[PDB]
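Shown here is one chain on its own, the form deposited in one PDB entry, set out as structure tokens.
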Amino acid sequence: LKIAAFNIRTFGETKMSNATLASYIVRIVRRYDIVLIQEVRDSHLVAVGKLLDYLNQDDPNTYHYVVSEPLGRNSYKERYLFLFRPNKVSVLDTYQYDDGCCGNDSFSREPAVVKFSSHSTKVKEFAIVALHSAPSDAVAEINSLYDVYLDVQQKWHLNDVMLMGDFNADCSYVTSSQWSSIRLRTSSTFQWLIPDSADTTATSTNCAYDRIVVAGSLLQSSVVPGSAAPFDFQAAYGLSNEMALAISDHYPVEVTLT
């Protein structure tokens, strides 16, 4: 099973309306059984609907989806979009993490949580926790995912959970001496599949912003060793830097389950 988390810079109407851009997006998505899309700036679901049009153009059930409400604390809002192949996986349950709220809420974009059924893999049931952190508050946010894990355990009684997304987990946003502050890192319950030395950005910076974390021995046993990696689409398609950048400034991060 192939899973990815992809931050598509300003995913929306304007972007999906460009057939050249749309075409590459479809391409990327089709590589996966499950894909988490972030930075969905689409209040009326027009862009999401254009994407599904393309994905299901030949079969109405190529891809199914789960979308959250537009989330954010200030005025700027984004959705979490999960696309999945219904022939591979099934959605058992979903819930939005209740963070509070104002002044008290712990996240700009509280995590969407989805429980999947996967018959082809070792793990038969697992949950994915999505997080697109706020740069400014990266440390606090990643640290709070430890509380989300707990919430999942209390609700579904499941230990098998994959935490993923654009955590802004490197460079200016999470510096060297701040890892101490993050429970999701200091607790050995969790394995970080994308290492600190990985480059998940399409621009010239070298930062491991995008990450994949897993908890659960059944899930941890299901990851194919060395499969977790950012997907450099620029290299893959022989794109120009300006063309790679018009797609996104981030690479998708993927992992394979067996």
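Residue positions are given as counts along the sequence shown, with the first one as 1.
We do not show the form deposited with a partner chain bound, though everything after this point is about it.
- The stretch from 121-129, 169-177, 134-142, 88-96 that comes within 4.5 Å of its partner chain in the deposited complex, counting heavy atoms only, is 88-96.
- Note on contacts: among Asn56, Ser221, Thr205, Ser227, the single residue with a heavy atom within 4.5 Å of its partner chain in the deposited complex is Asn56.
- Under a 4.5 angstroms non-hydrogen atom cutoff, its partner chain in the deposited complex has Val48 among its neighbouring residues.
- Put simply, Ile34 is far from its partner chain in the deposited complex: not one heavy atom of it is within 4.5 Å.
- In the deposited complex, none of the heavy atoms of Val26 sits within 4.5 Å of a heavy atom of its partner chain.
- In the deposited complex, its partner chain lies farther than 4.5 Å from every heavy atom of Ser197.
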